[PDB]
Q: 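Here it is, the structure, as structure tokens.
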Amino acid sequence: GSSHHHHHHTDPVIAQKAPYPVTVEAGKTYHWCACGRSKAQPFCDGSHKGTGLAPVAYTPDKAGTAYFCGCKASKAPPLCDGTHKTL
Ligand code: FES
Ligand code: FES
């Protein structure tokens, strides 16, 4: 939401204004927390229940480091696209 006045209970919250780097395995599906509520960031732990928000599945083609979005405002979820810098 562009509006800055209020947090609505269905809005994502920032976990941190910085990515969560994670070494990922090729072909394994990761479930990114889109809501900011998970206690196991950057991954969903079911805490989204009650907000209407939902995790995003991410299956990398190859092994490497994925910089998952921590601020929850990336325009290219689930990965950091730098939006945290201006959020
Ligand atoms: S805990 Fe945040 S999307 Fe599931
Ligand atoms: S942590 Fe969200 S865009 Fe970088």
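Counting convention: from 1, in listed order, for ligands and their atoms alike. This chain uses plain numbering: 1 for the first residue, then up along the sequence.
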Q: Within this structure, what is the SG-CD distance for the pair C69 and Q41, rounded to the nearest 0.5 Å?
A: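 Going from the SG atom of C69 to the CD atom of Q41 covers 9.5 Å.
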Q: Is it true that some N/O/S atom of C69, main chain or side chain, lies under 2.8 Å from atom 2 (Fe) of ligand 2?
A: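 It does: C69 brings an N, O or S atom closer than 2.8 Å to atom 2 (Fe) of ligand 2.
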Q: Please state which protein non-hydrogen atom is closest to atom 3 (S) of ligand 1 and give its distance, to 0.1 Å?
A: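 It is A34 N, 3.4 Å.
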Q: Would you mind listing which atoms of ligand 2 come within a distance below 4.0 Å of any non-hydrogen atom of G70?
A: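 Contacts of ligand 2 toward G70, numbered from 1: 1 (S), 2 (Fe).
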Q: How about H48: does one of its N, O or S atoms come closer than 2.8 Å to atom 2 (Fe) of ligand 1?
A: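 Short answer: no, not a single N, O or S atom is under the cut-off.
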Q: Between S38 and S47, does any side-chain donor sit less than 3.5 Å from a side-chain acceptor?
A: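 The criterion, which ignores hydrogens and geometry beyond distance, is not satisfied for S47 and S38.
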Q: Is the distance from atom 2 (Fe) of ligand 1 to the nearest N/O/S atom of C44 under 2.8 Å?
A: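 So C44 does not bind atom 2 (Fe) of ligand 1 by this criterion.
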Q: What are the atoms of ligand 2, with element, lying closer than 4.0 Å to any heavy atom of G82?
A: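 Near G82, meaning under 4.0 Å from one of its heavy atoms, ligand 2 has 3 (S), 4 (Fe).
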Q: Under 6.0 Å between ring centres: does that hold for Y20 and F43?
A: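 No, too far apart.
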Q: Give the atom numbers and elements of ligand 2 that come within less than 4.0 Å of a heavy atom of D81.
A: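 With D81 as reference, the close atoms of ligand 2 come out as 3 (S).
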Q: Could you tell me which N, O or S atom of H84 is nearest to atom 4 (Fe) of ligand 2?
A: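 Result: ND1.
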Q: Are more than 12 heavy atoms, taken from residues, nucleotides or ligands other than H6, located less than 6.0 Å from that residue's NE2 atom?
A: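 Incorrect, the count does not exceed 12.
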Q: I'd like to check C33 versus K72 (side-chain heavy atoms, cut-off strictly below 4.5 Å). Are they in contact?
A: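 The answer is yes, as the side chains (C-beta and beyond) meet within the 4.5 Å cut-off.
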Q: At less than 4.0 angstrom from any non-hydrogen atom of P19, what atoms of ligand 2 do you find?
A: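 Counting atoms of ligand 2 from 1, those under 4.0 Å from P19 are 1 (S).
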Q: Is the shortest side-chain heavy-atom distance between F68 and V24 below 4.5 Å?
A: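 Side-chain contact under 4.5 Å: yes.
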Q: Parallel, tilted or perpendicular, judged at 30° and 60°: which one describes the rings of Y58 and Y30?
A: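 If you compare the ring of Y58 with that of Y30, the planes turn out tilted.
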Q: Could you list the atoms of ligand 1 found under 4.0 angstrom from a heavy atom of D45?
A: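 In order of number, 1 (S).
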